[PDB]
Every structure is written in C-alpha cells, then in structure tokens.
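Just one chain follows, in the form deposited in one PDB entry, and it is written as structure tokens.
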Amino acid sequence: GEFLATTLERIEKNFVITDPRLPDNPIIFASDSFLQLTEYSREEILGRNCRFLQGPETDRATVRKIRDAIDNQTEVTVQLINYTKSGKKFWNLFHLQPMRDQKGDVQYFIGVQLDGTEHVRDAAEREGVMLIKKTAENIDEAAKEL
C-alpha cells in the first residue's frame, strides 16, 4: 500500500509521532503495530490528529488531561477507552511526552499505546507503565535525528 513503513515504524511497539508545526498536530509516523491494533492503513491516518481513536465511552475528563499536557509541553500517563476503525473498543494505557531538540525546543510529540482489555491497577499498571515509558525513551532516541 501507500507509505511503506520506515525502519523506525517497524519498531515492534504501538506508537505515533506527531509534528505540532503542522495543522492540528497530526500523525507523521505510525508504527506497523499501531496500524494492526487500530485497523487503519498508514495513508488513512497520516496528517490527522489522533482524536479519531476516541468514541462514545471515552472519558472526556481523561482526554482533557492529555490536551493539557500537550499545551503545557509535558508528559502524561493515563488510561482511556479507544476505538479501532471498525468500532472495536480497547483500553489504552497511554503515555505522551514531547521530544526536544538540542536547544530544548519541542520538535515532536511521541505517544505510546499499551492496548488491553480492562482498566489496570497495581502490578499490571506498574508493569504497563514500565513498558510504555521505556518504549517512549527508545522512540526519543530513535526520532532525535529525523
């Protein structure tokens, strides 16, 4: 199909990279795993803001937490219900953080999704946050020279 995955998009994790310089802070990179999770083709989602993942049972207070982190240029970790292209629900243990350049300016945002079947707590929450934060750090390394 269109937009063959780059090497970075073949990293075996669900993530996207957005460019806040572009209209509506849209996706510019999306991993193959993210596409498999969400059922979209890459062409379908490039240039779009990630809010298409939200639907009727998505808690809007949790979306506001993400909105506020983006506008304060700071990280956040939350859990919220998201939807695939066909309307299948999944829980998303979600981590966002900015990627800074060598002047400390925000160049991209990185978002990492750990899909699950339930809201998690305790050990499953801790292990999931470990995984998505480590992944975000790895994508920070991977995306620094893009």
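Quick note: we count residues from 1 along the sequence shown, nothing fancier.
Although not depicted, the form deposited with a partner chain bound is the subject of the following passage.
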{"property": "Contact flag, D19 vs the partner chain in the bound PDB entry, heavy atom cut 4.5 Å", "result": "yes"}
{"property": "Distance check, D115 to the partner chain in the bound PDB entry, heavy atom within 4.5 Å", "result": "no"}
{"property": "Distance check, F94 to the partner chain in the bound PDB entry, heavy atom within 4.5 Å", "result": "no"}
{"property": "Residue contact check: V78 to the partner chain in the bound PDB entry, 4.5 Å heavy atom", "result": "no"}
{"property": "Contacting member of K89, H119, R67, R100, with respect to the partner chain in the bound PDB entry [4.5 Å, heavy atom]", "result": "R100"}
